[PDB]
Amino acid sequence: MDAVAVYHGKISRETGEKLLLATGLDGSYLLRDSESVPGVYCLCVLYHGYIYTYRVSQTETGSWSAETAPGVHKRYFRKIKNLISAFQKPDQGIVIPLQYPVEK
């Protein structure tokens, strides 16, 4: 994602954990590639020493979404930055709002 300063590319899960833990701040976050599915990404959010990781995918229409619980209204975003902006807001269904970007 060339326009997403928090995108670290194909770093390992544990590398991402260590980058977030170095900040020591709940609400720190980054993006990295999925280790499991080509072209999927992981939004990684620090809270209380654990990295809450939300899989983010693009549709054939170009929109982006995060993995959502069964029965919950799933949200689609035109661009990654719009997903990020939405999840900066209080009380949106992730562990803590996205507050402290860990820039590559």
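Numbers for residues come from their place in the sequence shown, where the first is 1.
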query	finding
Of 62-70 and 43-51, the one with larger mean CA B-factor	62-70
Third of the chain's Cα B-factor distribution that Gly16 belongs to, per the entry	lowest
Modelled-residue ranking by C-alpha temperature factor, third containing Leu83	lowest
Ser28, C-alpha B-factor rank within chain (lowest, middle or highest third)	lowest
Record-listed C-alpha B factor of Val102: chain third	middle
